[PDB]
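Below sits a lone chain in structure tokens, taken as the form deposited in one PDB entry.
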């Protein structure tokens, strides 16, 4: 079925992956190197075995394709996947000066001073960001995220180059070139970053009709993480596709450290337990055509029914 490369790669981390420490000491079963393929005209690649959210992914990528680096658009839509490095700056600031938020992050689940205070301090940081039009700019604006990596990579001699703007040109004009890449690894910025980009590079292809794309995620979390990432670039591939004029072909997901978490063992065993129901259908607003102008309403999802959702505990 369309989603069986994810399953065949989760039962491959699980019993074939070796135990890696990793950074936040909770161990992995790593493997290094995996290409999995998805042909997108059979249907759309998110999982029917385990509920994955589609308005979140939509709003997020939609957010990355405006080059917008501000959570205030994300909050407006109801997305807060990005919240915690923002707060990492707010509660480490000069203005924070209140009720201690040090390490909020994994003192949570460990209750004590942390379950309702780190959480009261979050709706306090958000709301401020949705309204104070300056609070929004000092802390809610992330600087280096995929919208600036993507559409305003800062040059060595003083300004903004929109990569994806030009690549959507080079597909529109020179379809068949082996240079159609957008890159997120910039090393000025790598040594001093929160999380360096995890979807490091990606290259489009024009088969004859049919745009394809290959990603190089460098680091991948299986169970949590890789359901999400397979769909963002299946949407990117799907959205660039509709703007060049071309049919959709296929998305290749290539990984470096693909690893399942040691929390996520039982939950991934639970998932494999089940059968793929038929892959979902996505349609796109055909009257809009410039993709960077896509209101939310313009990307759609024709019958999706997963199972059950699943709890993995708190990643990082």
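Residue numbers count along the first chain shown, from 1. Here the rigid core means the biggest group of C-alpha atoms that line up within 1.5 Å when the two forms are laid on top of each other.
Higher mean CA temperature factor between 11-19 and 303-311: 11-19, per the PDB entry. When the C-alpha B-factors of 92-100 and 152-160 are averaged, 92-100 comes out higher. Listed residues 122, 137, 195, 224 were ranked by CA B-factor as deposited; 122 comes out on top. Comparing the C-alpha B-factors of 236, 130, 184, 81 in the entry, the top value falls on 236.
Annotation for residue 58: CA B-factor lies in the lowest third of the chain's modelled residues. For residue 286, the recorded CA temperature factor ranks within the highest third of the chain's modelled residues. The entry lists a Cα temperature factor for residue 29 that places it in the highest third of the chain's modelled residues.
Residue-level temperature factors show residue 242 in the middle third of its chain, judged at the C-alpha atom. When all modelled residues of the chain are sorted by CA temperature factor, residue 144 is found within the highest third.
Beyond what is shown, the protein has a form deposited in another entry; the following relates to that form.
In the core-aligned comparison between this form and the one not shown, the C-alpha of 103 is the only one from 84, 103, 127, 169 that shifts by 2 Å or more.
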